[PDB]
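What follows is one structure encoded as structure tokens, with my remarks underneath.
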Amino acid sequence: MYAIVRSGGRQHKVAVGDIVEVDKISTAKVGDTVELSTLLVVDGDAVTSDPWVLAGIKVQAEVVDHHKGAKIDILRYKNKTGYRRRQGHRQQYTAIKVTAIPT
Amino acid sequence: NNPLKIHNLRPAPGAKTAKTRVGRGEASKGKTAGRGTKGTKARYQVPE
Amino acid sequence: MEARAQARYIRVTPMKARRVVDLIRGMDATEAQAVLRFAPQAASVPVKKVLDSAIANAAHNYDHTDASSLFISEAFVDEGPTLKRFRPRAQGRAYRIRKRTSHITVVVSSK
Amino acid sequence: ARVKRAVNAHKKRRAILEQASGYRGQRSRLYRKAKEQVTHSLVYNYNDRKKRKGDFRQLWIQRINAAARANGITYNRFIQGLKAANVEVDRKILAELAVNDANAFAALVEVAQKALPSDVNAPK
Amino acid sequence: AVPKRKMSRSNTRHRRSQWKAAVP
RNA sequence: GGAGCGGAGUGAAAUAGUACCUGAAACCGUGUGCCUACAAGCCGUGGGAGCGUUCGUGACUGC
RNA sequence: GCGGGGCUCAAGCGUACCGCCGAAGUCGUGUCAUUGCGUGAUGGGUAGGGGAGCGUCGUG
């Protein structure tokens with residue numbers, strides 16, 4: 001049914017066809033294919049959690065998009081001193097469509 | 001080609017240094033304008 | 001069938017005018033005249049004078065002679081140019097006095 | 001050359017009051033009182049945005065602990081057993097199984113129980 | 001005595017609502 | 001009663017009507033979507049159900 | 001004069017054993033900047049020192 005995959009120091013719950021947002025994969029261009037290391041597989045009542053078995057299972061996904069998230073506005077401030085640092089940030093992300101979960 | 005026109009003149013790098021406008025904002029030479037607080041030197045000059 | 005009139009620079013403070021205009025929101029036009037008629041407040045006189053222009057405009061301009069299917073659709077009082085004068089008081093001082101005005105608008109529509 | 005500082009000053013006033021649309025009372029109409037508060041809104045954003053990571057982990061442990069105690073294993077030892085089975089799976093998603101797929105979480109407590117030492121209090 | 005603070009808009013309007021005329 | 005206003009007319013334009021080019025903010029209103037009468041509130045911020053002409057509001061809860 | 005409820009059926013003190021929670025710490029992931037020679041180090045900050053810029057008006 002679905003599988004647990006790690007993608008850049010973060011775990012996700014993915015089924016075939018899902019579009020998921022992961023930390024930027026700078027090495028991969030749009031349309032490329034990337035293999036994700038699986039950490040759990042759940043197929044109905046069958047739960048595959050043996051790490052040796054899982055070491056061979058790789059979830060195949062396609063790099064759909066490169067995009068940037070919403071803008072976050074940041075302010076450092078301490079009263080009565082005049083300290084004030086203003087800063088902005090837009091985290092960059094990659095959307096990948098999961099294509100296969102080998103059994 | 002395209003000879004020197006009067007909008008192509010630029011100074012040698014490092015020649016002109018932008019002024020230091022004290023007293024504008026707190027992310028610059030702030031409220032005290034680089035003087036400290038309440039001394040003879042916070043308002044006046046001390047002869048050498 | 002929205003037809004409306006308004007009196008501008010009516011010399012009565014806006015709050016005192018609103019005290020009366022808040023009675024005549026959303027009632028039959030004639031039934032509102034019969035309320036401003038028997039109303040103690042002194043602002044009810046200019047307001048009823050504006051309520052009659054609205055009905056007169058409805059009858060004449062737009063040919064809605066029958067003034068019994070009408071209700072007050074809108075009615076509101078806007079602030080107007082304030083006049084400023086002084087008043088001598090104790091120990092040589094002076095406190096200001098503002099003579100406020102208002103702009104009264106009334107709108108009658110067909111039911 | 002005299003400069004009228006109206007076209008330049010208003011540029012930040014609208015920026016603050018646009019960030020201030022929503023504040024209750026006088027913090028959403030007056031630039032000065034609105035600009036003291038959007039400073040506090042940003043500082044709170046920073047703290048809570050960095051402190052919801054432990055907020056959510058707290059919520060996950062609560063769910064994991066509740067589900068684990070339904071299967072007769074405390075969260076104290078259900079985690080240790082998972083370590084001794086090298087089946088490390090984030091709490092984020094380990095608590096997502098307890099709610100929806102009880103069977104999968106039930107299948108994971110079984111692994112965590114068998115990966116524990118026989119007598120858990122004897123010297124290591 | 002003297003007003004210690006400017007009355008908040010909510011508190012001012014709570015009161016002026018009470019200054020209403022009655023339908024005859 | 002007048003003031004003033006609603007039609008009508010002039011004007012390119014009449015929220016350009018001699019209070020008149022542009023018409024911001026404080027301030028004052030009308031209508032409207034949401035919340036609000038067991039609740040302790042530097043009035044925000046994180047999580048979050050619900051309702052509705054991403055967006056508007058914000059039951060409840062952490063700081 | 002435990003933070004409160006309650007606590008001796010310790011939820012108290014002592015000594016071992018096991019485990020877990022816990023920060024902006026460290027690791028993981030992504031990204032920017034200073035500095036020395038892809039790599040190493042580094043980037044809290046008031047008084048204060050240096051550098052790089054945004055915006056307004058006018059002139060060629």
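Scheme for the structure tokens: letters A, B, ... for chains in order shown; per-chain residue numbers from 1; ligand numbers from 1 in order shown.
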| task | Provide as a ChimeraX atom specification the residues of chain B at most 9 Å from chain G, counting only C-alpha atoms (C1' of nucleotides). | result | /B:6-7,34-37
Those same residues - N, CA and C atoms - I'd like them written as a short mmCIF file (atom, residue, chain, number, x, y, z; two decimals), in the first residue's frame.
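See part-v8.cif below for the written result:
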data_model
loop_
_atom_site.label_atom_id
_atom_site.label_comp_id
_atom_site.auth_asym_id
_atom_site.auth_seq_id
_atom_site.Cartn_x
_atom_site.Cartn_y
_atom_site.Cartn_z
N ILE B 6 29.99 61.50 -22.53
CA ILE B 6 30.09 62.10 -21.21
C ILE B 6 29.32 61.34 -20.15
N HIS B 7 28.48 60.38 -20.53
CA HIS B 7 27.83 59.49 -19.57
C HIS B 7 28.60 58.20 -19.39
N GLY B 34 28.20 58.53 17.62
CA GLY B 34 29.56 58.17 17.99
C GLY B 34 30.20 59.06 19.03
N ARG B 35 29.47 59.42 20.08
CA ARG B 35 29.98 60.29 21.13
C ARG B 35 29.86 59.72 22.54
N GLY B 36 28.98 58.76 22.77
CA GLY B 36 28.72 58.29 24.12
C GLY B 36 27.62 59.09 24.78
N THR B 37 27.65 59.13 26.11
CA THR B 37 26.61 59.78 26.89
C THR B 37 27.19 60.82 27.84
#
| query | For chain D, which residues have at least one atom within 8 Å of chain A, if we go by only C-alpha atoms? Write them as a list in words, please. | reply |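 Per the criterion, chain D yields residues 39, 42, 43, 45, 46, 86, 87, 88, 89, 90, 92, 93, 103, 104 and 107 of chain D.
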Please, could you write that set of residues out with N, CA and C atoms as a short mmCIF file (atom, residue, chain, number, x, y, z; two decimals), in the first residue's frame?
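Okay, this is what ended up in part_1.cif:
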data_model
loop_
_atom_site.label_atom_id
_atom_site.label_comp_id
_atom_site.auth_asym_id
_atom_site.auth_seq_id
_atom_site.Cartn_x
_atom_site.Cartn_y
_atom_site.Cartn_z
N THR D 39 6.65 44.56 16.03
CA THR D 39 7.94 44.11 16.55
C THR D 39 7.76 42.92 17.48
N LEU D 42 6.75 39.73 15.51
CA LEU D 42 7.83 39.05 14.81
C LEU D 42 8.72 38.28 15.79
N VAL D 43 8.98 38.85 16.96
CA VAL D 43 9.79 38.15 17.95
C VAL D 43 9.07 36.90 18.45
N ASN D 45 6.85 35.25 16.72
CA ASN D 45 6.94 34.34 15.58
C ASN D 45 8.23 33.54 15.64
N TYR D 46 9.35 34.23 15.87
CA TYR D 46 10.64 33.55 15.89
C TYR D 46 10.66 32.48 16.98
N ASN D 86 16.91 -1.86 15.56
CA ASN D 86 17.40 -1.06 14.44
C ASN D 86 16.29 -0.71 13.46
N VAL D 87 15.07 -0.55 13.96
CA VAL D 87 13.92 -0.24 13.12
C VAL D 87 13.56 1.21 13.36
N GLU D 88 14.58 2.04 13.59
CA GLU D 88 14.35 3.45 13.89
C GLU D 88 13.40 4.06 12.87
N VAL D 89 12.25 4.53 13.33
CA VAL D 89 11.27 5.20 12.49
C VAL D 89 10.77 6.42 13.26
N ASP D 90 10.86 7.59 12.64
CA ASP D 90 10.63 8.86 13.32
C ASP D 90 9.33 8.84 14.11
N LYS D 92 7.34 11.42 14.39
CA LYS D 92 6.37 12.05 13.51
C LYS D 92 5.45 11.02 12.87
N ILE D 93 6.04 10.02 12.23
CA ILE D 93 5.27 9.00 11.54
C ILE D 93 4.99 7.77 12.39
N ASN D 103 -3.16 -1.65 13.27
CA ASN D 103 -2.50 -2.93 13.05
C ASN D 103 -1.00 -2.75 12.86
N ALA D 104 -0.60 -1.76 12.06
CA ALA D 104 0.83 -1.55 11.82
C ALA D 104 1.55 -1.19 13.10
N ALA D 107 1.82 -4.17 15.06
CA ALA D 107 2.89 -5.02 14.55
C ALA D 107 4.27 -4.51 14.96
#
| said: Using only C-alpha atoms (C1' of nucleotides), I'd like every residue of chain A that has an atom within 7 Å of chain G; please write them out as a ChimeraX atom specification. | reply: /A:8-9,23-24,81
| said: Using Å and a single decimal, report how far atom CA of residue D:34 sits from atom CA of residue A:79. | reply: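 Atom-to-atom, atom CA of residue A:79 and atom CA of residue D:34 are spaced 16.1 Å apart.
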| Proximal residues of chain C relative to chain F (only C-alpha atoms (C1' of nucleotides); 9 Å) as a ChimeraX atom specification | /C:3-10,14,50,53-54,56-58,60-62,74-79,81
| task | For atom CA of residue A:65 and atom CA of residue A:94, quote the distance in Å rounded to one decimal. | result |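 These atoms are spaced 5.7 Å apart.
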| field | Test item: chain E residues at most 10 Å from chain C, counting only C-alpha atoms, as a VMD selection string | value | chain E and resid 16 19 to 24
| said: Within 9 Å of chain B, which residues belong to chain A? Use only C-alpha atoms and report them as a VMD selection string. | reply: chain A and resid 82 to 85
| message | One number please: atom CA of residue A:22 to atom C1' of residue F:47, in Å, one decimal. | response |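 Separating atom CA of residue A:22 from atom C1' of residue F:47 is a distance of 22.4 Å.
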| message | For the strand (DSSP E or B) assignment from backbone DSSP, which residues of stretch 5-99 of chain A qualify? Please present them as a PyMOL selection string. | response | chain A and resi 5-6+11-15+19-23+33-43+46-48+58-68+72-77+84-89+92-99
Using only C-alpha atoms (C1' of nucleotides), determine which residues lie at most 12 Å from residue F:24, disregarding the query and same-chain residues fewer than 2 positions distant; provide the list as a PDB file with N, CA, C and O atoms (P, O5', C5', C4', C3', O3' and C1' of nucleotides), in the first residue's frame.
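Once everything was written out, this is result.pdb:
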ATOM      1  N   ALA D   6       7.655  63.359   2.401  1.00  0.00           N
ATOM      2  CA  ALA D   6       6.341  62.732   2.422  1.00  0.00           C
ATOM      3  C   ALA D   6       6.232  61.547   1.480  1.00  0.00           C
ATOM      4  O   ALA D   6       5.637  60.532   1.841  1.00  0.00           O
ATOM      5  N   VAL D   7       6.798  61.645   0.276  1.00  0.00           N
ATOM      6  CA  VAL D   7       6.786  60.517  -0.645  1.00  0.00           C
ATOM      7  C   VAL D   7       7.691  59.401  -0.158  1.00  0.00           C
ATOM      8  O   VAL D   7       7.468  58.235  -0.494  1.00  0.00           O
ATOM      9  N   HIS D  10       6.167  57.782   3.806  1.00  0.00           N
ATOM     10  CA  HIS D  10       4.975  56.948   3.800  1.00  0.00           C
ATOM     11  C   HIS D  10       5.278  55.517   3.382  1.00  0.00           C
ATOM     12  O   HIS D  10       4.463  54.625   3.633  1.00  0.00           O
ATOM     13  N   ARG D  13       5.356  53.376   6.394  1.00  0.00           N
ATOM     14  CA  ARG D  13       4.133  53.465   7.185  1.00  0.00           C
ATOM     15  C   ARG D  13       3.076  52.506   6.659  1.00  0.00           C
ATOM     16  O   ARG D  13       2.431  51.794   7.433  1.00  0.00           O
ATOM     17  N   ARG D  14       2.887  52.470   5.339  1.00  0.00           N
ATOM     18  CA  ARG D  14       1.926  51.534   4.767  1.00  0.00           C
ATOM     19  C   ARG D  14       2.373  50.093   4.966  1.00  0.00           C
ATOM     20  O   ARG D  14       1.541  49.205   5.173  1.00  0.00           O
TER      21      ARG D  14
ATOM     22  P     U F  22     -10.932  67.142  -7.468  1.00  0.00           P
ATOM     23  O5'   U F  22      -9.537  66.422  -7.229  1.00  0.00           O
ATOM     24  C5'   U F  22      -8.961  65.601  -8.234  1.00  0.00           C
ATOM     25  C4'   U F  22      -7.566  65.174  -7.862  1.00  0.00           C
ATOM     26  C3'   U F  22      -7.444  64.397  -6.563  1.00  0.00           C
ATOM     27  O3'   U F  22      -7.660  63.011  -6.757  1.00  0.00           O
ATOM     28  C1'   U F  22      -5.829  66.134  -6.618  1.00  0.00           C
ATOM     29  P     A F  26      -7.060  56.468   9.799  1.00  0.00           P
ATOM     30  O5'   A F  26      -6.982  57.425  11.061  1.00  0.00           O
ATOM     31  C5'   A F  26      -5.930  57.288  11.999  1.00  0.00           C
ATOM     32  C4'   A F  26      -5.854  58.473  12.923  1.00  0.00           C
ATOM     33  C3'   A F  26      -7.104  58.767  13.727  1.00  0.00           C
ATOM     34  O3'   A F  26      -7.228  57.938  14.868  1.00  0.00           O
ATOM     35  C1'   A F  26      -6.290  60.768  12.780  1.00  0.00           C
TER      36        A F  26
END
| request: Identify, on the basis of only C-alpha atoms (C1' of nucleotides), every residue whose closest approach to stretch 34-36 of chain F does not exceed 9 Å; exclude the query and any residue fewer than 6 positions from it along the same chain; express the result as a list in words. | output: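 In the requested format, the answer is residues 51, 52, 56, 57, 58 and 59 of chain F.
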Kindly export the residues of the current selection with C-alpha atoms (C1' of nucleotides), as a PDB file, in the first residue's frame.
ATOM      1  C1'   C F  51     -18.494  29.147   9.529  1.00  0.00           C
ATOM      2  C1'   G F  52     -18.391  32.400   4.898  1.00  0.00           C
ATOM      3  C1'   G F  56     -12.158  36.920   6.009  1.00  0.00           C
ATOM      4  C1'   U F  57     -13.254  35.451  11.160  1.00  0.00           C
ATOM      5  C1'   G F  58     -11.133  32.671  15.197  1.00  0.00           C
ATOM      6  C1'   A F  59     -14.457  28.162  19.482  1.00  0.00           C
TER       7        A F  59
END
| message | Using DSSP secondary structure from the backbone, list all helix (DSSP H, G or I) positions within chain B, as a PyMOL selection string. | response | chain B and resi 40-43
| task | Kindly determine which residues of chain D lie within 8 Å of chain G, considering only C-alpha atoms (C1' of nucleotides), and give the answer as a PyMOL selection string. | result | chain D and resi 1-5+7-8+50+75-77+80+120-123
Write the residues you've just listed into a file as a PDB file, in the first residue's frame, and include N, CA, C and O atoms for each of them.
ATOM      1  N   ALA D   1      18.416  72.798  -2.619  1.00  0.00           N
ATOM      2  CA  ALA D   1      17.482  71.738  -2.975  1.00  0.00           C
ATOM      3  C   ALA D   1      16.787  71.191  -1.735  1.00  0.00           C
ATOM      4  O   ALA D   1      17.343  70.364  -1.018  1.00  0.00           O
ATOM      5  N   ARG D   2      15.569  71.666  -1.489  1.00  0.00           N
ATOM      6  CA  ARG D   2      14.787  71.203  -0.354  1.00  0.00           C
ATOM      7  C   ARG D   2      14.037  69.928  -0.711  1.00  0.00           C
ATOM      8  O   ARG D   2      13.534  69.779  -1.827  1.00  0.00           O
ATOM      9  N   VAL D   3      13.962  69.011   0.247  1.00  0.00           N
ATOM     10  CA  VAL D   3      13.329  67.711   0.058  1.00  0.00           C
ATOM     11  C   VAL D   3      12.160  67.612   1.026  1.00  0.00           C
ATOM     12  O   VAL D   3      12.346  67.715   2.243  1.00  0.00           O
ATOM     13  N   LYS D   4      10.961  67.415   0.486  1.00  0.00           N
ATOM     14  CA  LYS D   4       9.770  67.175   1.290  1.00  0.00           C
ATOM     15  C   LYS D   4       9.670  65.681   1.556  1.00  0.00           C
ATOM     16  O   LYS D   4       9.528  64.890   0.619  1.00  0.00           O
ATOM     17  N   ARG D   5       9.747  65.291   2.824  1.00  0.00           N
ATOM     18  CA  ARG D   5       9.885  63.879   3.170  1.00  0.00           C
ATOM     19  C   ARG D   5       8.519  63.232   3.403  1.00  0.00           C
ATOM     20  O   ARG D   5       8.250  62.614   4.428  1.00  0.00           O
ATOM     21  N   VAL D   7       6.798  61.645   0.276  1.00  0.00           N
ATOM     22  CA  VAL D   7       6.786  60.517  -0.645  1.00  0.00           C
ATOM     23  C   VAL D   7       7.691  59.401  -0.158  1.00  0.00           C
ATOM     24  O   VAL D   7       7.468  58.235  -0.494  1.00  0.00           O
ATOM     25  N   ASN D   8       8.706  59.730   0.635  1.00  0.00           N
ATOM     26  CA  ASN D   8       9.654  58.743   1.127  1.00  0.00           C
ATOM     27  C   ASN D   8       9.229  58.156   2.463  1.00  0.00           C
ATOM     28  O   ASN D   8       9.388  56.951   2.682  1.00  0.00           O
ATOM     29  N   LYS D  50      10.448  28.352  16.290  1.00  0.00           N
ATOM     30  CA  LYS D  50      11.515  27.433  16.670  1.00  0.00           C
ATOM     31  C   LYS D  50      11.135  26.528  17.827  1.00  0.00           C
ATOM     32  O   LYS D  50      11.848  25.556  18.092  1.00  0.00           O
ATOM     33  N   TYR D  75       5.786   3.613  27.117  1.00  0.00           N
ATOM     34  CA  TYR D  75       6.649   4.334  26.189  1.00  0.00           C
ATOM     35  C   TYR D  75       8.096   4.329  26.656  1.00  0.00           C
ATOM     36  O   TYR D  75       9.002   4.506  25.839  1.00  0.00           O
ATOM     37  N   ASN D  76       8.328   4.132  27.954  1.00  0.00           N
ATOM     38  CA  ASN D  76       9.692   4.039  28.461  1.00  0.00           C
ATOM     39  C   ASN D  76      10.480   2.970  27.726  1.00  0.00           C
ATOM     40  O   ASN D  76      11.613   3.209  27.293  1.00  0.00           O
ATOM     41  N   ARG D  77       9.889   1.790  27.557  1.00  0.00           N
ATOM     42  CA  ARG D  77      10.615   0.633  27.072  1.00  0.00           C
ATOM     43  C   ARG D  77      10.278   0.286  25.633  1.00  0.00           C
ATOM     44  O   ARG D  77      11.054  -0.424  24.990  1.00  0.00           O
ATOM     45  N   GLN D  80      13.139   1.762  23.745  1.00  0.00           N
ATOM     46  CA  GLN D  80      14.403   1.044  23.870  1.00  0.00           C
ATOM     47  C   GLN D  80      14.384  -0.205  23.006  1.00  0.00           C
ATOM     48  O   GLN D  80      15.346  -0.485  22.283  1.00  0.00           O
ATOM     49  N   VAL D 120      14.810  -6.975  32.159  1.00  0.00           N
ATOM     50  CA  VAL D 120      15.222  -5.642  31.727  1.00  0.00           C
ATOM     51  C   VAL D 120      16.001  -4.881  32.783  1.00  0.00           C
ATOM     52  O   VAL D 120      16.647  -3.878  32.456  1.00  0.00           O
ATOM     53  N   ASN D 121      15.982  -5.334  34.033  1.00  0.00           N
ATOM     54  CA  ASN D 121      16.608  -4.606  35.123  1.00  0.00           C
ATOM     55  C   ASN D 121      17.934  -5.205  35.565  1.00  0.00           C
ATOM     56  O   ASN D 121      18.623  -4.592  36.385  1.00  0.00           O
ATOM     57  N   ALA D 122      18.311  -6.372  35.047  1.00  0.00           N
ATOM     58  CA  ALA D 122      19.575  -6.975  35.417  1.00  0.00           C
ATOM     59  C   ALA D 122      20.730  -6.151  34.856  1.00  0.00           C
ATOM     60  O   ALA D 122      20.565  -5.421  33.877  1.00  0.00           O
ATOM     61  N   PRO D 123      21.911  -6.243  35.463  1.00  0.00           N
ATOM     62  CA  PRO D 123      23.034  -5.422  34.998  1.00  0.00           C
ATOM     63  C   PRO D 123      23.332  -5.682  33.531  1.00  0.00           C
ATOM     64  O   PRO D 123      23.273  -6.818  33.056  1.00  0.00           O
TER      65      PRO D 123
END
Which residues come within 9 Å of residue A:34, counting only C-alpha atoms (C1' of nucleotides), excluding same-chain residues fewer than 3 positions away, as a JSON list (two decimals) with N, CA, C and O atoms, in the first residue's frame?
[["chain", "number", "residue", "atom", "x", "y", "z"],
["A", 28, "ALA", "N", 19.72, 16.89, -8.92],
["A", 28, "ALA", "CA", 18.72, 16.35, -9.83],
["A", 28, "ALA", "C", 17.98, 17.47, -10.54],
["A", 28, "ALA", "O", 17.55, 18.45, -9.91],
["A", 59, "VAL", "N", 12.56, 3.13, -2.98],
["A", 59, "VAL", "CA", 11.37, 3.71, -3.56],
["A", 59, "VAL", "C", 11.78, 4.67, -4.67],
["A", 59, "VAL", "O", 12.57, 5.59, -4.44],
["A", 60, "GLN", "N", 11.25, 4.45, -5.87],
["A", 60, "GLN", "CA", 11.65, 5.22, -7.04],
["A", 60, "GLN", "C", 10.71, 6.41, -7.22],
["A", 60, "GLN", "O", 9.49, 6.24, -7.21],
["A", 61, "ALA", "N", 11.28, 7.60, -7.39],
["A", 61, "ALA", "CA", 10.48, 8.81, -7.51],
["A", 61, "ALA", "C", 11.06, 9.69, -8.60],
["A", 61, "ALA", "O", 12.25, 9.61, -8.93],
["A", 62, "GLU", "N", 10.21, 10.55, -9.14],
["A", 62, "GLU", "CA", 10.55, 11.43, -10.25],
["A", 62, "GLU", "C", 10.53, 12.87, -9.78],
["A", 62, "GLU", "O", 9.59, 13.28, -9.09],
["A", 63, "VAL", "N", 11.55, 13.64, -10.15],
["A", 63, "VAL", "CA", 11.66, 15.03, -9.72],
["A", 63, "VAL", "C", 10.68, 15.87, -10.54],
["A", 63, "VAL", "O", 10.89, 16.09, -11.74],
["A", 96, "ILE", "N", 8.66, 15.76, -5.57],
["A", 96, "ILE", "CA", 8.93, 14.49, -6.24],
["A", 96, "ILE", "C", 7.66, 13.66, -6.25],
["A", 96, "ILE", "O", 6.95, 13.59, -5.24]]
| message | Distance cut-off 10 Å, counting only C-alpha atoms - which residues of chain E neighbour chain D? Return them as a PyMOL selection string. | response | chain E and resi 8-10
Neighbours of residue D:44 within 10 Å (only C-alpha atoms (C1' of nucleotides); same-chain residues fewer than 4 positions away dropped), as a PDB file with N, CA, C and O atoms (P, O5', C5', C4', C3', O3' and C1' of nucleotides), in the first residue's frame?
ATOM      1  N   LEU A  75      12.796  38.851  12.741  1.00  0.00           N
ATOM      2  CA  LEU A  75      13.246  40.045  13.440  1.00  0.00           C
ATOM      3  C   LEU A  75      13.907  39.664  14.754  1.00  0.00           C
ATOM      4  O   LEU A  75      13.294  39.009  15.599  1.00  0.00           O
TER       5      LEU A  75
ATOM      6  N   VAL D  38       4.031  45.084  15.909  1.00  0.00           N
ATOM      7  CA  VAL D  38       4.531  44.185  14.882  1.00  0.00           C
ATOM      8  C   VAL D  38       5.973  43.810  15.164  1.00  0.00           C
ATOM      9  O   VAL D  38       6.485  42.847  14.587  1.00  0.00           O
ATOM     10  N   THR D  39       6.652  44.561  16.030  1.00  0.00           N
ATOM     11  CA  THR D  39       7.937  44.112  16.549  1.00  0.00           C
ATOM     12  C   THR D  39       7.757  42.924  17.480  1.00  0.00           C
ATOM     13  O   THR D  39       8.515  41.954  17.412  1.00  0.00           O
ATOM     14  N   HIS D  40       6.758  42.983  18.359  1.00  0.00           N
ATOM     15  CA  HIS D  40       6.492  41.862  19.247  1.00  0.00           C
ATOM     16  C   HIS D  40       5.943  40.670  18.479  1.00  0.00           C
ATOM     17  O   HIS D  40       6.237  39.522  18.825  1.00  0.00           O
ATOM     18  N   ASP D  48       8.184  31.001  18.848  1.00  0.00           N
ATOM     19  CA  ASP D  48       7.230  29.907  18.717  1.00  0.00           C
ATOM     20  C   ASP D  48       7.504  29.074  17.477  1.00  0.00           C
ATOM     21  O   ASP D  48       7.252  27.865  17.478  1.00  0.00           O
ATOM     22  N   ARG D  49       8.014  29.690  16.414  1.00  0.00           N
ATOM     23  CA  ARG D  49       8.324  28.923  15.218  1.00  0.00           C
ATOM     24  C   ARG D  49       9.470  27.954  15.474  1.00  0.00           C
ATOM     25  O   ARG D  49       9.476  26.841  14.938  1.00  0.00           O
ATOM     26  N   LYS D  50      10.448  28.352  16.290  1.00  0.00           N
ATOM     27  CA  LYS D  50      11.515  27.433  16.670  1.00  0.00           C
ATOM     28  C   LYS D  50      11.135  26.528  17.827  1.00  0.00           C
ATOM     29  O   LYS D  50      11.848  25.556  18.092  1.00  0.00           O
TER      30      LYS D  50
ATOM     31  P     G F  44      -4.245  42.130  19.236  1.00  0.00           P
ATOM     32  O5'   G F  44      -2.848  41.887  18.520  1.00  0.00           O
ATOM     33  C5'   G F  44      -2.433  40.575  18.169  1.00  0.00           C
ATOM     34  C4'   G F  44      -0.976  40.362  18.475  1.00  0.00           C
ATOM     35  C3'   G F  44      -0.382  39.054  17.976  1.00  0.00           C
ATOM     36  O3'   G F  44       0.062  39.147  16.632  1.00  0.00           O
ATOM     37  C1'   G F  44       0.151  39.340  20.257  1.00  0.00           C
ATOM     38  P     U F  45      -0.383  38.057  15.542  1.00  0.00           P
ATOM     39  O5'   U F  45       0.535  36.802  15.863  1.00  0.00           O
ATOM     40  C5'   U F  45       1.949  36.901  15.787  1.00  0.00           C
ATOM     41  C4'   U F  45       2.620  35.804  16.568  1.00  0.00           C
ATOM     42  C3'   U F  45       2.196  34.390  16.225  1.00  0.00           C
ATOM     43  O3'   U F  45       2.808  33.884  15.054  1.00  0.00           O
ATOM     44  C1'   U F  45       2.176  34.648  18.553  1.00  0.00           C
ATOM     45  P     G F  46       2.011  32.850  14.122  1.00  0.00           P
ATOM     46  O5'   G F  46       2.191  31.448  14.852  1.00  0.00           O
ATOM     47  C5'   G F  46       3.432  30.762  14.809  1.00  0.00           C
ATOM     48  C4'   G F  46       3.395  29.471  15.586  1.00  0.00           C
ATOM     49  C3'   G F  46       2.300  28.482  15.224  1.00  0.00           C
ATOM     50  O3'   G F  46       2.569  27.738  14.050  1.00  0.00           O
ATOM     51  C1'   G F  46       2.439  28.669  17.568  1.00  0.00           C
ATOM     52  P     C F  63       2.089  27.247  28.856  1.00  0.00           P
ATOM     53  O5'   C F  63       2.909  28.177  27.862  1.00  0.00           O
ATOM     54  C5'   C F  63       4.211  27.821  27.429  1.00  0.00           C
ATOM     55  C4'   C F  63       4.810  28.888  26.550  1.00  0.00           C
ATOM     56  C3'   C F  63       4.962  30.260  27.181  1.00  0.00           C
ATOM     57  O3'   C F  63       6.115  30.372  27.992  1.00  0.00           O
ATOM     58  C1'   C F  63       3.981  30.489  25.052  1.00  0.00           C
TER      59        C F  63
END
| residue D:71: which residues within 12 Å, counting only C-alpha atoms (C1' of nucleotides), same-chain residues fewer than 2 positions away excluded, as a PyMOL selection string? | chain D and resi 64-69+73-75+78+98+102-103+105-110+112-113
